[PDB]
Each structure stands twice: as C-alpha cells, then as structure tokens.
Enquirer: 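My questions will all concern the structure given below.
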Amino acid sequence: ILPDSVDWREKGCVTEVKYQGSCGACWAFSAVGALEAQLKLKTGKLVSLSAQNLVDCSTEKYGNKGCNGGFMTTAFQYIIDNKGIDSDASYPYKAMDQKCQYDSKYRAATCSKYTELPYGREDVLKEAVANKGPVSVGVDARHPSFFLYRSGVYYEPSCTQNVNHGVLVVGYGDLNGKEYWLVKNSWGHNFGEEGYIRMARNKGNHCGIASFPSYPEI
Ligand SMILES: *C(#N)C1([N]C(=O)[C]([C]S(=O)(=O)[C][C]2[C][C]C(=O)[N]2)[N][C](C2=[C][C]=C(F)[C]=[C]2)C(F)(F)F)[C][C]1
C-alpha cells in the first residue's frame, strides 16, 4: 500500500530551484537533485550539489556533451567512479562548458550505485518516489505547451514517449480527480509553478515521464 500523495519538499529533501540558462545542463541538475535528497536522508543536511562539476567532468568518457546534453545515469556513474562530487557552493554553476576543476577537498557527497526503473511502468515509479526518494526522469518537452505552462496538471495531446529533457520527480498527487507527478525543472522560478510542473500521471506514460527513471544511493 502506497500513500495517495507524496511531496519530498515537505521532508526537507529538495533544494532551491536552479536556473540552467542557455546551457543544456538539465541532465546535470536532474542528477544532483536526486542525489541531494539521498544526501539529506543519510546525513541530515540539505546541500545543493555542483551541477557544473558534472558538466565539466562527466564528459566524453561518460557519453555526455556538457551544455549540449547528457545522461543522468552516466552522471551518477561518474560520481561513483570519481569517488565524489563537489558542493555547488565550492564549484558554482556558470552555464558554460569548462575544464574539469573537481577537487576532493570540496567533496560534498558520494554515490555507491544507481538504479534504472523498468521502462514505462508508472506504478513502479510511484513506489520508488514513495519509498526511495526523488527520481530522475526524462520527458518530452518539445511542445510549446510545455514552455507556456503556468499551472495545474499538464497534459499535451501531441506528447510522445521520445524524451529529451531531464527533470526530477519529487512527488505525486491529484488535483480535483486529475492525477499528477510533481516535477522539479531547472529553468528558474519563473517557469511554471515557481520552478515546478505537475504532469499527467497514469495517462499512458504521458510525455514519457516513466520511460527512463533512475535514482542514486549513497
Ligand atoms: C537538457 N537541458 C537537454 N537534454 C539532455 O541532456 C537529455 C536528458 S534526457 O532526460 O532526455 C535523457 C534521456 C535518456 C534516454 C533518452 O533518449 N533521453 N539527454 C539527451 C542527450 C544525451 C547525451 C548527449 F550527448 C546529448 C543529448 C538525449 F535525450 F538525447 F538523451 C537539452 C540538453
């Protein structure tokens, strides 16, 4: 039995919404967001982790292209291989590709492994969000409606399961009979509901939200 609604922000496991700017680092923000929650659950401290560290260091060897895109899963593996990721405070976000400047003296978190959920299973995603924590996911954000979203439960008739934008599911619930996934984006506070978007849930893997979900563990 799972709770009807979940919001990890109530549990103090979600940091301030970030602004990626003109740099395509959504994948990096998605990954650090997921790990930030695990760090809070393990140490009791909520700390924004360095998305820049991922953009600059989890590069070619991880199939990523910095400001031109990347994978949340390979980002997690980089953190594992590297034995750490720096804090955002020590390695600030500059919205541009830079030479890797990771330094263990600024390490704020570690990762031991990550898990990728089965393709398109929203019930499994619900279970992970309820029992494990925020989950990194990709969504189809190639439609105007996504950019113009302001409030309520987002539903786009033209959405597909071909995902291109990395975000973070930090909860789920329902608005007047309409089920949704609570998603943290990285487009600043002017986007949607002050940085968040509630996307249609249990509507046939709408916009591919449950297509490629993953979460790290410490
Ligand atoms: C953001 N900002 C942008 N997107 C990405 O970096 C996406 C993130 S995603 O959640 O869509 C990843 C998933 C995994 C399976 C899939 O098809 N998308 N990654 C893209 C990407 C990855 C690697 C690369 F070198 C360039 C792009 C994607 F979608 F093609 F995989 C806008 C950057």
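Numbers for residues simply follow the sequence, beginning at 1. Every number for a ligand or one of its atoms is a count from 1 in the order of the listing. Scope of the values below: all heavy atoms of this structure, side chains included, with no hydrogens, waters or symmetry mates.
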Enquirer: Taking the cut-offs as 6.0 angstrom to the six-membered ring centre and 45 degrees off its axis, would you call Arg150 and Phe191 a cation-pi pair?
Expert: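 No, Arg150 does not lie over the aromatic ring of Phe191.
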
Enquirer: Quick check: does any side chain N or O of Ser136 sit under 3.5 Å from a backbone N or O of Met72, one acting as donor and the other as acceptor?
Expert: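 It does not hold such a pair.
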
Enquirer: Return the set of residues passing disulfide bond (SG atoms under 2.5 Å apart) with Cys159 (not counting sequence neighbours), or none when no residue passes.
Expert: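 So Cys159 forms a disulfide bond (SG atoms under 2.5 Å apart) with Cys207.
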
Enquirer: Taking ring-ring contact (aromatic ring centres under 6.0 Å, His included) as the test, write out the residues that go with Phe29, two or more places apart.
Expert: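 With sequence neighbours excluded, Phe29 shows a ring-ring contact (aromatic ring centres under 6.0 Å, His included) to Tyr93, given in chain and number order.
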
Enquirer: The criterion is salt bridge (charged side-chain N to carboxylate O under 4.0 Å, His left out); which residues satisfy it with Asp88, sequence neighbours excluded?
Expert: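 Salt bridge (charged side-chain N to carboxylate O under 4.0 Å, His left out) list for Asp88, sorted by chain: empty.
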
Enquirer: May I ask you to decide whether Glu193 forms a salt bridge with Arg198, counting only side-chain N to carboxylate O separations under 4.0 Å?
Expert: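 Judged by the 4.0 Å cut-off on N to carboxylate O distance, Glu193 and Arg198 do form a salt bridge.
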
Enquirer: Show me, by chain and number, every protein residue that has a heavy-atom distance under 4.0 Å to ligand 1.
Expert: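 Residues near ligand 1: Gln20, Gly24, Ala25, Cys26, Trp27, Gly63, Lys65, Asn68, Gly69, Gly70, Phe71, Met72, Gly138, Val163, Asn164, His165, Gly166, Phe212.
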
